[PDB]
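Atoms considered below: every heavy atom in the structure, side chains included; atoms not considered: hydrogens, waters and symmetry mates. Numbers here are sequence positions counted from 1. For ligands, and for the atoms within them, numbers begin at 1 and follow the listed sequence.
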Amino acid sequence: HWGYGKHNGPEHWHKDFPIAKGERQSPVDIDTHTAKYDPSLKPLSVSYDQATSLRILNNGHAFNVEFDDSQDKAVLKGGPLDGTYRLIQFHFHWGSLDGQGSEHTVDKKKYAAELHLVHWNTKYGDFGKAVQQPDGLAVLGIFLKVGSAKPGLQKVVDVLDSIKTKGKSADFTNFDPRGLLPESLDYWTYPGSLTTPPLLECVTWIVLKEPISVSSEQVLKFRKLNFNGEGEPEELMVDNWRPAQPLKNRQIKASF
Ligand SMILES: O=C(NCc1ccccc1)Nc1ccc2c(c1)[B-](O)(O)OC2
Ligand SMILES: [Zn+2]
């Protein structure tokens, strides 16, 4: 099936998922000089104080920290959004080297990794229904640069040994996602898609301008994960990012 290798990577996805060459695919390069400030954009509202994390899962392409989304516990609203979007999971994309790893780029600059906090529009009832709608998901993207350690990320780094291979999961309760947010919530926003198959065009992207910094030891642990399942040849989970896609007929808006 699809993956990030030379024979099943991003350049091959369109064969099974034709929407890969669609009109609103992600990620994209954010040209900071061309993005336009939109004074009508409302401040973003990130309400994670009641977040209830449950489990962490290695799904063969990344690791997802899953949350209880059966009630409005952790939600994203405001900004370009109409309505309430519930946090369901977060995951990262990262590189084999500190100079690459993010999906979105800023003036062609690549960051070491990119965090995606995934939320679905409650007016659609469940995640599966939401991904079938143009305004079904809101994904908050946060860049990671290598420098100082991020204390709020250490609990995630420490449990990775327990989910080294595809299909492994571990209990992961009481994790506070507020510890992964930068100081500023200034952002860029545009309509796009999931960045892994099925590449559905159901995402309002909100990418924060301020990156968070993580230590080299922290990202090294990400790179020790495996794409393969236990007992299979070891393939390190690195470079699980899709490159920038054509912007086509879209405008990126800035909140600042
Ligand atoms: O959930 C995904 N696939 C499986 C699936 C389940 C249910 C219905 C349809 C598909 N993919 C996916 C989900 C969320 C995000 C991304 C990819 B992302 O853009 O990297 O970050 C946000
Ligand atoms: Zn992602």
Side-chain angles (χ1 to χ4, degrees), residues 1-4 8-10 13-14 16-20 22 24-30 46 54-67 69-70 74-76 81 85-95 100-105 110-122 124-144 153 156 166-167 169 177 180 187-208 211-212 219 222 225 227 237-245 250 252:
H1 266 279
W2 70 270
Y4 293 98
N8 66 353
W13 299 349
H14 72 99
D16 273 329
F17 304 94
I19 199 172
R24 60 176 274 188
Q25 290 289 292
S26 294
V28 298
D29 175 57
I30 294 165
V46 184
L54 301 164
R55 192 179 68 139
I56 186 169
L57 168 74
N58 177 326
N59 60 22
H61 45 103
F63 61 84
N64 287 179
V65 170
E66 305 161 351
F67 290 78
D69 65 347
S70 68
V75 307
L76 179 67
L81 313 170
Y85 289 69
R86 287 190 195 154
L87 177 67
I88 175 171
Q89 52 108 329
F90 68 75
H91 59 274
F92 303 81
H93 301 266
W94 61 93
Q100 66 197 55
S102 65
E103 297 211 302
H104 289 87
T105 51
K110 292 174 175 72
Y111 285 88
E114 184 172 326
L115 164 65
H116 289 161
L117 288 137
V118 187
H119 313 78
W120 55 276
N121 197 327
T122 62
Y124 298 123
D126 68 61
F127 180 87
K129 273 289 199 46
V131 300
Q132 301 178 50
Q133 319 300 322
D135 56 352
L137 297 200
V139 182
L140 185 58
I142 298 180
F143 295 117
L144 280 65
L153 174 70
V156 172
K166 177 173 175 37
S169 71
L180 300 176
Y187 65 84
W188 289 288
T189 182
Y190 74 99
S193 72
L194 307 179
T195 67
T196 54
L199 305 169
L200 300 174
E201 294 182 331
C202 63
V203 184
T204 291
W205 278 95
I206 297 173
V207 178
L208 300 193
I212 54 169
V219 71
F222 279 22
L225 290 162
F227 283 128
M237 183 179 282
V238 294
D239 294 314
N240 55 349
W241 50 277
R242 183 184 197 197
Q245 302 300 303
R250 293 174 286 182
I252 295 180

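- Contacts between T195 and ligand 1, counted as non-hydrogen atom pairs separated by less than 4.0 Å, involve both the backbone and the side chain.
- One distance of note links CZ of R55 with CD of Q89; it measures 11.0 Å at 0.5 Å rounding.
- Annotation: the span from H93 atom NE2 to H116 atom NE2 amounts to 4.5 Å, rounded to 0.5 Å.
- Numbered from 1 in the order shown, with element, the atoms of ligand 1 that lie under 4.0 Å from a heavy atom of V118 read 14 (C), 22 (C).
- Among protein heavy atoms, the minimum distance from atom 3 (N) of ligand 1 is reached at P198 CD, 3.8 Å.
- The closest approach between a heavy atom of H93 and any atom of ligand 1 is below 4.0 Å.
- Ranking the protein heavy atoms by distance from atom 17 (C) of ligand 1 puts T196 OG1, 3.3 Å first.
- In this structure, the protein non-hydrogen atom closest to atom 6 (C) of ligand 1 is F127 CE2, 3.9 Å.
- In this structure, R242 contributes its side chain and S26 its backbone to a donor-acceptor pair below 3.5 Å.
- Residue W205 has no nitrogen or oxygen atom sitting less than 3.5 Å from a nitrogen or oxygen atom of ligand 1, judged on distance alone.
- Separating the CG atom in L115 from the CD1 atom in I142 is a distance of 5.0 Å, to the nearest 0.5 Å.
- Closest to atom 9 (C) of ligand 1 among all protein heavy atoms lies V131 CG2, 3.8 Å.
- Atom numbering of ligand 1 starts at 1 in the shown order; those under 4.0 Å from a heavy atom of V139 are 22 (C).
- Results of the ring-ring contact (aromatic ring centres under 6.0 Å, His included) test with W94 over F143, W241, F63 single out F63 as the only residue that passes.
- Looking at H116 and the Zn ion (ligand 2) together, the shortest N, O or S contact belongs to ND1.
- Counted by atom type alone, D69 and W120 present one or more donor-acceptor pairs between their side chains at under 3.5 Å.
- Annotation: atom 21 (O) of ligand 1 to nearest protein heavy atom, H91 CE1, 3.2 Å.
- To the nearest 0.5 angstrom, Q245 atom CD is 9.0 Å from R250 atom CZ.
- The CG atom of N59 sits 8.5 Å away from the NE2 atom of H91 when rounded to the nearest 0.5 Å.
- When only non-hydrogen protein atoms are considered, atom 13 (C) of ligand 1 lies nearest to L194 CD2, 3.9 Å.
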